[PDB]
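Coordinate inspection notes
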Amino acid sequence: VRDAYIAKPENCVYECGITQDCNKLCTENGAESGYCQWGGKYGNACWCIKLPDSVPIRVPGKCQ
């Protein structure tokens, strides 16, 4: 597993600061940890700590 910017398909980010449940969603997904990254390359997004291969992250492209 490895840290990264967790997201939801199709290639879509997960805004935070309003839900404040990144740690829960991340953990449940199978990640070691997670939180709300307020200030990232693509703005505010739910960050994930230690994510399994099966659970990829947001990739550079369009959303569907």
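Comments concerning the UniProt feature "domain: LCN-type CS-alpha/beta" in the chain
- Mapped onto the present numbering, the UniProt feature "domain: LCN-type CS-alpha/beta" falls at residues 2-64.
- Here residues 2-64 runs as 13% helix and 32% strand, with 25 Å between its end C-alpha atoms.

Some remarks on the environment of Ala7
- Examined against the element boundaries, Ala7 turns out to sit in the loop between β1 (2-4) and α1 (22-29).
- A C-alpha to C-alpha distance of 15 Å links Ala7 and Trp38, two positions 31 residues apart in sequence.
- Aside from chain neighbours lying at most four places away, what touches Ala7 is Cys12, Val13, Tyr14 and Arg58.

What about the side chain of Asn11?
- Note on placement: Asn11 falls in the loop between β1 and α1.
- One polar contact links the side chain of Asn11 to the main-chain amide nitrogen of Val59, over a distance of 2.9 Å.
- Residues contacting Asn11, with those up to four places away along its chain left out, are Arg58, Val59, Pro60, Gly61, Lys62, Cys63 and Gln64.

Structural notes on the state of the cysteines
- Applying the stated criterion to the full structure yields 5 disulfides.
- Each sulfur in the disulfide pair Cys16 and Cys36 lies 2.0 Å from the other. Highlighted residues: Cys16 in the loop between β1 and α1 and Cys36 in strand β2 (residues 33-40), separated in sequence by 20 residues.
- By relative accessible area, which is 2% here, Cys16 ends up buried.
- Across a sulfur-sulfur distance of 1.9 Å, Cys26 and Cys48 are joined as a disulfide pair.

Definitions and limits used
Residues numbered from 1 in each chain as written, not as in the entry; some residues may be left out. Heavy atoms only, no water. UniProt positions renumbered as here; feature names shortened; annotations may be inferred. Helix = DSSP H or I, 4+ residues; strand = E, 2+ residues; numbered from the N terminus. Contact = heavy atoms within 4.5 Å. Polar contact = N/O pair within 3.5 Å; in protein donor to acceptor, adjacent residues only side chain to side chain. Disulfide = S-S within 2.5 Å. Buried < 20%, exposed > 50% of the residue type's maximum accessible area, 1.4 Å probe, protein only.

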